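Note that these values count all heavy atoms, side chains included, but never hydrogens, waters or copies made by symmetry. Residues: numbered from 1 along the sequence shown.
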Amino acid sequence: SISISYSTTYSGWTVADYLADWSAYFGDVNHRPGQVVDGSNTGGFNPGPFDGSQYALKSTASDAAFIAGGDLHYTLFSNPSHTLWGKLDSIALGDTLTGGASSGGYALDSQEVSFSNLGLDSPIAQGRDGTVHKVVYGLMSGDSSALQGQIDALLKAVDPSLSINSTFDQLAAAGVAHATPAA
């Protein structure tokens, strides 16, 4: 089932409130045709060049970054064009992306929250309507609605009393979340 790690800083936050705040702070890197002219808003795959166990993106407005983990693929120009698909197992949110394909992969200097065992799997044929694509592209473009909706559904599958309106401390009482010391 879904597993969550959170800095005790967010003990009393609801998951919905954390993710809305986090996406407002990360902003929109404007990964849009005509606005992607170099590597500052593309993100990166591990290993790449167009597939990876990780896809990571640094914010262009702040130090925020996220890391999507799983078995992910980007169609580039191939039909259906500009689709991120495959397996999305994890999302990590925090500050300061670090690493590369030869240095141990991607990580966050200050991870705040992570969502693991997401068990999302979108086939290429769903295109940009796939759940994985919408979840990750939402984060790229400053809109965590799709991620929130996916975390909501997984938490209710553990117990219908849980939801993205639960606090991290409540989810840890439920056994799904685990507090990490702040830093």
Side-chain angles (χ1 to χ4, degrees), residues 1-7 15 18-19 22-23 26 28-29 31 36 38-60 62-151 153-155 157-158 176-178 180 183:
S1 320
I2 185 168
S3 182
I4 300 170
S5 165
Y6 66 96
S7 166
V15 178
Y18 177 81
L19 287 181
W22 194 83
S23 290
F26 183 93
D28 182 359
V29 300
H31 188 104
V36 184
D38 59 14
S40 56
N41 68 343
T42 67
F45 281 109
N46 174 17
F50 311 112
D51 310 86
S53 63
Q54 303 176 298
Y55 170 83
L57 186 60
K58 308 144 48 163
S59 165
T60 52
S62 68
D63 294 330
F66 68 80
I67 303 178
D71 187 7
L72 298 162
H73 318 267
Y74 183 59
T75 59
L76 203 57
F77 297 130
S78 305
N79 168 67
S81 71
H82 307 287
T83 293
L84 187 78
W85 65 282
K87 289 174 147 224
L88 180 61
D89 297 327
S90 72
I91 297 286
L93 308 178
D95 275 358
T96 306
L97 181 67
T98 185
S102 280
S103 36
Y106 286 124
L108 305 171
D109 184 53
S110 312
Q111 177 175 125
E112 289 177 6
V113 176
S114 73
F115 310 88
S116 296
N117 306 327
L118 295 177
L120 295 167
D121 193 337
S122 293
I124 188 175
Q126 291 306 317
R128 301 189 212 150
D129 305 315
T131 301
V132 167
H133 180 99
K134 300 165 145 162
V135 161
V136 182
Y137 190 72
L139 292 165
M140 173 174 247
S141 48
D143 182 4
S144 68
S145 298
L147 177 57
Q148 283 182 63
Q150 290 314 298
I151 296 159
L154 280 154
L155 291 169
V158 175
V176 32
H178 308 270
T180 60

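Interatomic distance, OH of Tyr74 versus OG of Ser81, reported as 7.5 Å (0.5 Å rounding). Here the CG-CD1 distance, from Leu139 to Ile67, works out to 12.5 Å after rounding to the nearest 0.5 Å. To the nearest 0.5 Å, atom OH of residue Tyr18 and atom CG of residue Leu93 are 5.0 Å apart. Rounded to the nearest 0.5 Å, atoms CD (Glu112) and OG (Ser7) are 7.0 Å apart. Of the inter-residue distances, the one linking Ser144 atom OG with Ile91 atom CD1 reads 11.0 Å to the nearest 0.5 angstrom. Taken to the nearest 0.5 Å, the OG atom of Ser141 stands 5.5 Å off from the CG atom of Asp28.
Using a 4.5 Å heavy-atom cutoff, the side chains of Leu19 and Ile151 are in contact. Contact of the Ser3 side chain with the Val176 side chain is not registered, since no non-hydrogen atoms from C-beta on lie closer than 4.5 Å. Side-chain contact between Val113 and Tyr6 is present, with heavy atoms from C-beta onward closer than 4.5 Å. With contacts defined as side-chain heavy-atom distances shorter than 4.5 Å, the pair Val15/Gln148 does not qualify. Proximity of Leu88 to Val136: side-chain heavy atoms (C-beta onward) are separated by under 4.5 Å at one or more points. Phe26 is listed as a side-chain neighbour of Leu57, based on a closest heavy-atom distance under 4.5 Å. Using a 4.5 Å heavy-atom cutoff, the side chains of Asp95 and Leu108 are not in contact. Considering only heavy atoms from C-beta on, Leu120 stays 4.5 Å or farther from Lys87 through its side chain.
Heavy-atom minimum distance, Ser110 versus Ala183: CB-O, 3.9 Å. The nearest pair of heavy atoms linking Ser103 to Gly100 is OG-N, 2.8 Å. The heavy-atom pair separating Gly86 from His73 by the smallest distance is CA-CD2, 3.9 Å. Taking all atoms of both residues into account, the shortest heavy-atom contact from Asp38 to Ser40 is OD1-OG, 3.0 Å. Pairing each heavy atom of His31 with each of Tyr137, the nearest pair is O-OH, 2.9 Å.
When atom types are taken as modelled, the side chain of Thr75 and the backbone of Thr83 share a donor-acceptor pair closer than 3.5 angstrom. Checked by atom type and distance alone, the side chain of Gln54 pairs as donor or acceptor with a backbone atom of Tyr106 at under 3.5 Å. In this structure, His133 contributes its side chain and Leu84 its backbone to a donor-acceptor pair below 3.5 Å. Put simply, the side chain of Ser90 never gets that close to the backbone of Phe115: no donor and acceptor are under 3.5 Å apart. A distance-only check finds a donor-acceptor pair linking the side chain of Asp143 to the backbone of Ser145 [under 3.5 Å]. Using modelled atom types, one side-chain atom of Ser122 and one backbone atom of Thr131 make a donor-acceptor pair closer than 3.5 Å.
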Test side-chain contact (heavy atoms from CB on, under 4.5 Å) on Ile2 and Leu155; report intermediate values, then the result. CA-CA 7 Å; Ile2 185 168; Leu155 291 169; 4.0 Å; yes
Run the numbers on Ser116 and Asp89 for side-chain contact (heavy atoms from CB on, under 4.5 Å), then give the verdict. CA-CA 6 Å; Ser116 296; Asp89 297 327; over 6 Å; no
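Under the 30°/60° scheme for interplanar angles, the aromatic rings of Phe45 and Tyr55 are found to be tilted. Below 30°, between 30° and 60°, or above 60°: for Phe77 and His82 the angle between ring planes is above 60°, a perpendicular geometry.
Of the residues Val29, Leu97, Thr96, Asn41, the one that meets the side chain to side chain contact (heavy atoms under 4.5 Å, CB included) test with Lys58 is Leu97.
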